[PDB]
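Structure below is data.cif: mmCIF, C-alpha atoms and all ligand atoms.
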data_query
#
loop_
_atom_site.label_atom_id
_atom_site.label_comp_id
_atom_site.auth_asym_id
_atom_site.auth_seq_id
_atom_site.Cartn_x
_atom_site.Cartn_y
_atom_site.Cartn_z
CA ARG N 705 -32.40 -34.59 -12.96
CA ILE N 706 -32.88 -35.80 -16.59
CA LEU N 707 -36.26 -37.53 -16.76
CA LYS N 708 -37.31 -40.41 -19.04
CA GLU N 709 -40.88 -40.25 -20.46
CA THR N 710 -41.61 -43.55 -18.63
CA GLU N 711 -40.83 -41.99 -15.20
CA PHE N 712 -43.88 -39.68 -15.31
CA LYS N 713 -47.56 -39.72 -16.43
CA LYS N 714 -49.87 -36.82 -17.36
CA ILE N 715 -53.26 -37.36 -15.67
CA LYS N 716 -55.42 -34.15 -16.03
CA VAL N 717 -54.83 -30.82 -17.78
CA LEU N 718 -54.59 -27.94 -15.28
CA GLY N 719 -53.89 -24.99 -17.54
CA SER N 720 -53.43 -24.05 -21.18
CA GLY N 721 -52.17 -21.04 -23.10
CA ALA N 722 -49.76 -19.84 -25.78
CA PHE N 723 -46.78 -20.84 -23.51
CA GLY N 724 -47.87 -24.48 -23.72
CA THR N 725 -49.83 -26.74 -21.37
CA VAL N 726 -49.64 -27.50 -17.65
CA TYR N 727 -50.63 -31.05 -16.59
CA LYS N 728 -51.42 -32.45 -13.15
CA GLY N 729 -49.42 -35.66 -13.13
CA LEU N 730 -47.55 -38.37 -11.31
CA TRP N 731 -43.84 -39.16 -11.14
CA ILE N 732 -42.18 -42.45 -10.21
CA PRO N 733 -38.41 -41.79 -9.84
CA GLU N 734 -36.11 -44.47 -11.35
CA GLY N 735 -35.26 -47.18 -8.82
CA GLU N 736 -37.83 -45.99 -6.25
CA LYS N 737 -41.24 -47.44 -5.37
CA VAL N 738 -43.02 -44.08 -4.78
CA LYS N 739 -45.46 -42.01 -6.87
CA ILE N 740 -44.94 -38.22 -6.33
CA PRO N 741 -47.76 -35.84 -7.39
CA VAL N 742 -46.24 -33.28 -9.77
CA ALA N 743 -47.11 -30.63 -12.38
CA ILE N 744 -45.65 -31.07 -15.84
CA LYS N 745 -45.28 -28.05 -18.11
CA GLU N 746 -44.99 -28.96 -21.76
CA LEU N 747 -43.76 -25.82 -23.50
CA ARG N 748 -44.72 -24.96 -27.10
CA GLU N 749 -42.52 -26.88 -29.58
CA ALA N 750 -39.83 -25.06 -31.72
CA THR N 751 -40.06 -21.90 -29.64
CA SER N 752 -36.34 -21.74 -28.78
CA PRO N 753 -33.62 -21.39 -31.41
CA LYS N 754 -31.41 -23.74 -29.34
CA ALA N 755 -30.47 -27.42 -29.57
CA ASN N 756 -31.67 -29.89 -26.88
CA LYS N 757 -28.08 -30.28 -25.55
CA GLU N 758 -27.75 -26.44 -25.40
CA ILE N 759 -31.10 -25.98 -23.52
CA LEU N 760 -30.22 -28.81 -21.11
CA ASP N 761 -26.82 -27.30 -20.27
CA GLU N 762 -28.33 -23.87 -19.65
CA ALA N 763 -31.15 -25.31 -17.47
CA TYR N 764 -28.56 -27.22 -15.35
CA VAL N 765 -26.67 -23.94 -14.73
CA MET N 766 -29.98 -22.17 -13.94
CA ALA N 767 -31.30 -24.96 -11.62
CA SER N 768 -28.25 -24.23 -9.36
CA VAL N 769 -30.84 -21.73 -7.83
CA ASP N 770 -32.53 -24.78 -6.11
CA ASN N 771 -29.27 -24.72 -3.94
CA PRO N 772 -29.58 -23.73 -1.06
CA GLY N 773 -33.01 -22.55 -2.22
CA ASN N 774 -35.79 -20.53 -0.65
CA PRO N 775 -39.25 -21.74 0.52
CA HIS N 776 -40.85 -19.08 -1.71
CA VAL N 777 -39.16 -20.11 -5.00
CA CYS N 778 -40.23 -23.24 -6.95
CA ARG N 779 -37.74 -26.12 -7.21
CA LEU N 780 -37.35 -27.61 -10.68
CA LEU N 781 -37.57 -31.39 -9.94
CA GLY N 782 -36.75 -32.57 -13.46
CA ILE N 783 -36.58 -31.81 -17.17
CA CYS N 784 -37.54 -34.02 -20.13
CA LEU N 785 -36.38 -33.19 -23.66
CA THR N 786 -38.16 -34.84 -26.62
CA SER N 787 -39.67 -32.71 -29.50
CA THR N 788 -40.80 -30.37 -26.56
CA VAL N 789 -39.31 -29.27 -23.20
CA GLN N 790 -41.16 -30.65 -20.17
CA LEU N 791 -40.59 -29.11 -16.77
CA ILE N 792 -41.55 -31.12 -13.70
CA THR N 793 -42.12 -29.51 -10.21
CA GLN N 794 -44.07 -30.42 -7.01
CA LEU N 795 -47.88 -29.96 -7.39
CA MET N 796 -49.25 -26.59 -6.04
CA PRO N 797 -52.88 -27.61 -5.44
CA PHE N 798 -54.49 -24.15 -5.10
CA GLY N 799 -53.29 -22.91 -8.53
CA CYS N 800 -51.89 -19.43 -9.07
CA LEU N 801 -52.42 -16.49 -6.70
CA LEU N 802 -54.11 -14.50 -9.49
CA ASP N 803 -56.99 -17.01 -9.67
CA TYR N 804 -57.00 -17.52 -5.90
CA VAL N 805 -57.59 -13.81 -5.13
CA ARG N 806 -60.35 -13.54 -7.77
CA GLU N 807 -62.09 -16.69 -6.43
CA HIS N 808 -61.88 -15.87 -2.67
CA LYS N 809 -62.43 -12.06 -2.95
CA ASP N 810 -64.65 -11.54 0.14
CA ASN N 811 -62.73 -14.11 2.25
CA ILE N 812 -59.17 -12.66 2.17
CA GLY N 813 -58.16 -10.71 5.25
CA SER N 814 -55.39 -8.12 5.58
CA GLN N 815 -53.19 -10.71 7.39
CA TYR N 816 -53.13 -12.95 4.28
CA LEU N 817 -52.51 -10.19 1.70
CA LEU N 818 -49.55 -8.67 3.64
CA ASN N 819 -48.02 -12.13 4.30
CA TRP N 820 -48.10 -12.87 0.53
CA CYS N 821 -46.29 -9.60 -0.15
CA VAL N 822 -43.62 -10.62 2.41
CA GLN N 823 -43.25 -14.12 0.88
CA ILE N 824 -42.96 -12.84 -2.73
CA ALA N 825 -40.33 -10.24 -1.64
CA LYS N 826 -38.45 -13.10 0.19
CA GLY N 827 -38.35 -15.24 -2.93
CA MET N 828 -37.32 -12.27 -5.07
CA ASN N 829 -34.61 -11.23 -2.60
CA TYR N 830 -33.23 -14.79 -2.83
CA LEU N 831 -33.22 -14.67 -6.68
CA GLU N 832 -31.37 -11.33 -6.43
CA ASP N 833 -28.78 -12.93 -4.07
CA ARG N 834 -28.21 -15.74 -6.69
CA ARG N 835 -28.02 -12.96 -9.39
CA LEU N 836 -30.91 -14.48 -11.43
CA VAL N 837 -33.32 -11.85 -12.86
CA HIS N 838 -36.94 -13.19 -13.06
CA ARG N 839 -38.18 -11.08 -16.12
CA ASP N 840 -41.86 -12.10 -15.65
CA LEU N 841 -42.97 -11.54 -12.07
CA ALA N 842 -46.79 -11.30 -11.94
CA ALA N 843 -49.63 -12.69 -9.77
CA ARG N 844 -50.12 -15.40 -12.45
CA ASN N 845 -46.51 -16.60 -11.78
CA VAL N 846 -47.01 -16.92 -8.02
CA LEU N 847 -48.31 -20.37 -7.07
CA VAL N 848 -50.33 -21.30 -4.00
CA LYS N 849 -49.07 -24.39 -2.20
CA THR N 850 -51.44 -23.62 0.75
CA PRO N 851 -53.21 -20.22 1.30
CA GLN N 852 -50.37 -19.45 3.80
CA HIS N 853 -47.42 -20.61 1.61
CA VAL N 854 -46.83 -19.16 -1.84
CA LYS N 855 -44.00 -19.68 -4.33
CA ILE N 856 -42.59 -17.89 -7.37
CA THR N 857 -42.33 -19.80 -10.66
CA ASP N 858 -41.06 -19.32 -14.30
CA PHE N 859 -38.00 -17.27 -13.31
CA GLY N 860 -35.32 -17.04 -16.03
CA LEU N 861 -37.50 -19.19 -18.35
CA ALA N 862 -37.60 -16.35 -20.96
CA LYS N 863 -33.76 -16.03 -20.90
CA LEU N 864 -33.45 -19.85 -21.14
CA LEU N 865 -35.47 -19.84 -24.44
CA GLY N 866 -34.14 -16.86 -26.47
CA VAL N 879 -44.55 -9.75 -23.86
CA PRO N 880 -46.08 -8.37 -20.56
CA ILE N 881 -45.88 -4.60 -21.11
CA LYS N 882 -48.29 -3.87 -18.23
CA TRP N 883 -45.83 -5.50 -15.72
CA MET N 884 -42.60 -4.12 -17.28
CA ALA N 885 -40.66 -1.15 -16.00
CA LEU N 886 -40.28 1.82 -18.34
CA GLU N 887 -36.63 0.92 -19.19
CA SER N 888 -37.68 -2.64 -20.11
CA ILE N 889 -40.44 -1.35 -22.45
CA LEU N 890 -38.08 1.21 -24.06
CA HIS N 891 -34.63 -0.41 -24.05
CA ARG N 892 -35.30 -4.09 -23.11
CA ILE N 893 -33.11 -3.51 -19.97
CA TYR N 894 -33.71 -6.27 -17.37
CA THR N 895 -32.12 -5.76 -13.97
CA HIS N 896 -33.29 -6.72 -10.41
CA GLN N 897 -34.70 -3.16 -10.12
CA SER N 898 -37.05 -3.78 -13.07
CA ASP N 899 -38.24 -6.95 -11.16
CA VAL N 900 -39.12 -4.41 -8.35
CA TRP N 901 -41.48 -2.53 -10.75
CA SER N 902 -43.14 -5.93 -11.69
CA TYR N 903 -43.39 -6.69 -7.95
CA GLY N 904 -45.24 -3.38 -7.42
CA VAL N 905 -47.69 -4.30 -10.20
CA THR N 906 -48.05 -7.78 -8.62
CA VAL N 907 -48.84 -6.23 -5.23
CA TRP N 908 -51.45 -4.01 -6.90
CA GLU N 909 -53.10 -7.12 -8.47
CA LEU N 910 -53.35 -8.78 -5.00
CA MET N 911 -54.66 -5.54 -3.40
CA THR N 912 -57.34 -5.12 -6.09
CA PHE N 913 -58.24 -8.89 -5.92
CA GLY N 914 -57.07 -9.70 -9.39
CA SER N 915 -57.90 -6.60 -11.47
CA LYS N 916 -56.14 -6.35 -14.81
CA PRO N 917 -53.63 -3.43 -14.82
CA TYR N 918 -54.46 -0.41 -17.15
CA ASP N 919 -57.65 -2.14 -18.43
CA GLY N 920 -58.61 -1.14 -21.96
CA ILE N 921 -55.41 0.89 -22.51
CA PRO N 922 -53.54 -0.80 -25.40
CA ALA N 923 -50.01 -2.03 -24.62
CA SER N 924 -48.73 0.39 -27.31
CA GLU N 925 -49.88 3.32 -25.12
CA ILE N 926 -48.32 2.15 -21.78
CA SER N 927 -44.86 3.74 -22.20
CA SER N 928 -46.39 7.16 -23.09
CA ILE N 929 -48.85 7.00 -20.16
CA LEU N 930 -45.91 6.19 -17.79
CA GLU N 931 -43.94 9.21 -19.02
CA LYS N 932 -46.99 11.48 -18.34
CA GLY N 933 -46.83 10.31 -14.65
CA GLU N 934 -49.93 8.14 -14.70
CA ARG N 935 -49.69 5.07 -12.43
CA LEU N 936 -52.02 2.20 -11.43
CA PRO N 937 -54.80 3.62 -9.21
CA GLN N 938 -54.81 3.37 -5.44
CA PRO N 939 -56.80 0.24 -4.51
CA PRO N 940 -59.85 0.79 -2.23
CA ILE N 941 -58.44 -1.35 0.62
CA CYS N 942 -54.99 0.38 0.69
CA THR N 943 -54.18 3.10 3.13
CA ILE N 944 -51.66 5.65 1.73
CA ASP N 945 -48.80 3.84 3.59
CA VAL N 946 -49.21 0.71 1.43
CA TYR N 947 -49.89 2.65 -1.75
CA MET N 948 -46.70 4.70 -1.25
CA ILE N 949 -44.64 1.48 -1.26
CA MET N 950 -46.12 0.43 -4.66
CA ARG N 951 -45.81 4.01 -5.95
CA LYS N 952 -42.04 3.89 -5.05
CA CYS N 953 -41.68 0.57 -7.01
CA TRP N 954 -42.89 2.50 -10.13
CA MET N 955 -40.23 5.27 -10.12
CA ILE N 956 -38.54 6.12 -13.43
CA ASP N 957 -35.08 5.97 -11.78
CA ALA N 958 -34.40 2.26 -11.30
CA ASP N 959 -31.77 2.71 -8.54
CA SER N 960 -34.20 4.75 -6.42
CA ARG N 961 -36.87 1.98 -6.33
CA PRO N 962 -36.90 -0.05 -3.06
CA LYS N 963 -34.82 -3.22 -2.73
CA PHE N 964 -36.39 -6.64 -2.08
CA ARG N 965 -34.71 -6.66 1.37
CA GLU N 966 -36.41 -3.30 2.23
CA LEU N 967 -39.79 -4.53 0.94
CA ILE N 968 -39.52 -7.68 3.18
CA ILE N 969 -38.92 -5.45 6.21
CA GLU N 970 -41.63 -2.87 5.32
CA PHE N 971 -44.28 -5.54 4.69
CA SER N 972 -43.21 -7.52 7.86
CA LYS N 973 -43.86 -4.37 9.93
CA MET N 974 -47.29 -4.08 8.28
CA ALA N 975 -48.19 -7.72 8.80
CA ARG N 976 -47.59 -7.18 12.60
CA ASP N 977 -50.66 -4.79 12.77
CA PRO N 978 -52.57 -5.58 9.53
CA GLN N 979 -55.86 -3.68 10.17
CA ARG N 980 -53.81 -0.46 10.34
CA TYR N 981 -52.49 -0.73 6.74
CA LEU N 982 -55.33 -2.50 4.91
CA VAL N 983 -59.06 -1.71 5.43
CA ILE N 984 -61.10 -4.80 4.51
CA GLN N 985 -64.83 -5.30 5.18
CA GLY N 986 -64.64 -8.56 7.05
CA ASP N 987 -61.69 -8.06 9.41
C1 LIG A 1001 -52.74 -19.42 -12.62
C2 LIG A 1001 -52.16 -18.90 -13.92
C3 LIG A 1001 -51.84 -20.02 -14.88
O1 LIG A 1001 -52.72 -20.56 -15.53
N1 LIG A 1001 -50.55 -20.41 -14.98
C4 LIG A 1001 -50.00 -21.50 -15.79
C5 LIG A 1001 -48.67 -21.33 -15.03
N2 LIG A 1001 -48.15 -22.48 -14.31
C6 LIG A 1001 -48.75 -23.16 -13.31
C7 LIG A 1001 -47.89 -24.16 -12.93
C8 LIG A 1001 -48.17 -25.13 -11.85
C9 LIG A 1001 -49.47 -25.52 -11.56
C10 LIG A 1001 -49.69 -26.40 -10.52
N3 LIG A 1001 -48.71 -26.87 -9.74
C11 LIG A 1001 -47.47 -26.45 -9.99
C12 LIG A 1001 -47.15 -25.61 -11.03
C13 LIG A 1001 -46.76 -23.99 -13.76
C14 LIG A 1001 -45.49 -24.75 -13.82
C15 LIG A 1001 -45.48 -26.13 -14.00
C16 LIG A 1001 -44.28 -26.81 -14.07
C17 LIG A 1001 -43.08 -26.12 -13.98
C18 LIG A 1001 -43.08 -24.74 -13.81
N4 LIG A 1001 -41.89 -23.99 -13.74
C19 LIG A 1001 -40.63 -24.47 -13.76
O2 LIG A 1001 -40.38 -25.67 -13.77
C20 LIG A 1001 -39.53 -23.47 -13.75
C21 LIG A 1001 -38.20 -23.66 -14.00
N5 LIG A 1001 -37.60 -22.44 -13.88
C22 LIG A 1001 -36.17 -22.14 -14.07
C23 LIG A 1001 -35.22 -23.27 -14.32
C24 LIG A 1001 -35.58 -22.34 -15.43
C25 LIG A 1001 -38.59 -21.56 -13.57
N6 LIG A 1001 -39.77 -22.14 -13.48
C26 LIG A 1001 -44.29 -24.06 -13.77
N7 LIG A 1001 -46.90 -22.95 -14.58
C27 LIG A 1001 -49.37 -20.30 -14.11
#

Show me, as structure tokens, the structure contained in the file I just sent.
Ligand SMILES: *CCC(=O)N1CC(n2cc(-c3ccncc3)c(-c3cccc(NC(=O)c4cn(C5CC5)cn4)c3)n2)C1
Amino acid sequence: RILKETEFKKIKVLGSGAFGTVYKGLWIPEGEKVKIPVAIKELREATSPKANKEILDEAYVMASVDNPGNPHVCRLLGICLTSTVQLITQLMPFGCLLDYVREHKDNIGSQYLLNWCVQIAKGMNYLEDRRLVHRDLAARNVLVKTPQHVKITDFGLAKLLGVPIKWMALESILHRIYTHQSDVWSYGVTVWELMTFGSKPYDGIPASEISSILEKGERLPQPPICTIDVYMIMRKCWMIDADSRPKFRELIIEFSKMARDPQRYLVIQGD
């Protein structure tokens, strides 16, 4: 869908960063009498070295991922090209999962945390089936539609417009190699962020020192709520050998087994 600036309106500002700005807005599709609540992401201008017609063609090839789609992967509703690129998707009212876990710390039970792990692995498995590599999986790029339904966003957005060292696999930090097995490493880091209720990975350690710390065998610590069964899964996502890391289909099954008896795998004061 190519959107005209008159089809949508930016009401409030939801987020802001170097990437650009996210707006909570409204969209009235052309020839329809309905107003759909959406989120508009206005990316930073002159970021990409590509023409508008080149970006548009590549985003149309990439949006083929909305077909047949997955419930745990965001659908790109529309794109609007002016001086900036504007991405329009359905509004996710609870924000990102990074903020959600930090704000509801003492109210999240083991059942929720394990279900989120399952849902993220389901969305990632789908992206792997469509052969699209995310490149930026993190708890900040997981959106909360409802506390029981989460979705992955910003997949392939970096590739579309030709740097999170603390979420990158060793081969991505050293050789800029981005496969589905490096997305597994990022997934392990993401799971650690949910398990620690939004802690920042390797806090204080400069990004410049991450690759040397990884080669010494140092990994993210074992979160207080994780039994060794859950920590071993994350620890396997951070292996040096990419092909030995688990697959998204194995992670869905492992975390589904854990979500069937959650108090056995996660120890939370409140369950
Ligand atoms: C919580 C951390 C934070 O501040 N972040 C900003 C970023 N974020 C949030 C949203 C969003 C908020 C509310 N409701 C929905 C989304 C977005 C966002 C907005 C619009 C569009 C997107 N992404 C895409 O449209 C898109 C397209 N692709 C592929 C075709 C290339 C991938 N993603 C995201 N961003 C989290």

Can you tell me, as a compact mmCIF listing (two decimals) with C-alpha atoms, in the frame of the given file, what residues are no more than 9 Å from residue 895 (chain N) when counting only C-alpha atoms, ignoring any on the same chain fewer than 4 positions away?
# COMPACT_ATOMS: atom_id res chain seq x y z
CA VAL N 837 -33.32 -11.85 -12.86
CA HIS N 838 -36.94 -13.19 -13.06
CA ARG N 839 -38.18 -11.08 -16.12
CA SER N 888 -37.68 -2.64 -20.11
CA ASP N 899 -38.24 -6.95 -11.16
CA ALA N 958 -34.40 2.26 -11.30

Distance filter 7 Å around ligand LIG 1001 (chain A), atoms: all atoms listed in the file, out as a PyMOL selection string: chain N and resi 718-720+726+728+742-745+763+766-767+778+780+791-797+799-803+844-845+847+857-861+864

Distance in Å - CA of residue 905 (chain N) versus CA of residue 853 (chain N):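 These atoms are spaced 20.1 Å apart.
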
Region 778-831 of chain N residues near region 907-916 of chain N within 7 Å, closest pair each, using all atoms listed in the file, as a tab-separated table:
residue	atom	partner	partner_atom	distance
N:802	CA	N:914	CA	5.6
N:805	CA	N:913	CA	5.0
N:806	CA	N:914	CA	5.3
N:809	CA	N:913	CA	6.0
N:817	CA	N:910	CA	6.9
N:821	CA	N:907	CA	6.6

Non-local contacts of residue 724 (chain N) (10 Å; all atoms listed in the file; under 4 positions in same chain excluded) as an MDAnalysis selection string: chainID N and resid 719:720 745:749 788:790

Counting all atoms listed in the file, the option among N:754, N:849, N:973, N:891 closest to residue 946 (chain N): N:973

Atom-to-atom span, CA of residue 942 (chain N) and CA of residue 985 (chain N), Å: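 Here the two named atoms are 12.2 Å from each other.
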
Residue 830 (chain N) environment, 12 Å, all atoms listed in the file, sequence neighbours closer than 3 positions dropped, as number ranges by chain: N: 769-778, 823-827, 833-838, 855-856, 859, 896, 963-965, 968

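Using all atoms listed in the file for every distance, the candidate list N:814, N:884, N:752, N:808 yields N:752 as the residue closest to residue 723 (chain N).
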
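Proximity to residue 779 (chain N) was assessed for N:933, N:921, N:713, N:705 counting only C-alpha atoms; the smallest distance is recorded for N:705.
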
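Using all atoms listed in the file, the shortest contact distance between residue 734 (chain N) and any of N:706, N:714, N:879, N:761 is found at N:706.
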
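The environment of region 922-924 of chain N within 9 Å, counting all atoms listed in the file and disregarding residues fewer than 5 places along the same chain, consists of residues 880, 881 and 882 of chain N.
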
What does the file look like for those residues with C-alpha atoms, as an mmCIF file, keeping the file's coordinate frame?
data_model
loop_
_atom_site.group_PDB
_atom_site.id
_atom_site.type_symbol
_atom_site.label_atom_id
_atom_site.label_comp_id
_atom_site.auth_asym_id
_atom_site.auth_seq_id
_atom_site.Cartn_x
_atom_site.Cartn_y
_atom_site.Cartn_z
ATOM 1 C CA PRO N 880 -46.080 -8.370 -20.560
ATOM 2 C CA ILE N 881 -45.880 -4.600 -21.110
ATOM 3 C CA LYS N 882 -48.290 -3.870 -18.230
#

Quick one: axis-aligned box around all listed atoms of region 857-888 of chain N, 5 Å on every side, centre and edge lengths in Å to one decimal, written as AutoDock Vina command-line options.
--center_x -40.9 --center_y -9.0 --center_z -18.6 --size_x 24.8 --size_y 31.7 --size_z 25.8

Residue 953 (chain N) environment, 10 Å, all atoms listed in the file, sequence neighbours closer than 6 positions dropped, as a list in words: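 Listing them by chain and then by number gives residues 885, 897, 898, 899, 900, 901, 902, 903, 904, 905, 947, 960, 961, 962, 963 and 967 of chain N.
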
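Our summary of the geometry notes that CA of residue 951 (chain N) is positioned 25.8 Å from CA of residue 852 (chain N).
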
Of the listed residues N:966, N:866, N:820, N:782, that which approaches residue 848 (chain N) most closely, counting only C-alpha atoms: N:820

Best match for closeness to residue 928 (chain N) among N:906, N:889, N:980, N:954, counting all atoms listed in the file: N:889

Point (-43.2, -40.7, -13.2), cut-off 10 Å, counting only C-alpha atoms, residues as a ChimeraX atom specification: /N:707-714,729-734,738-742,792
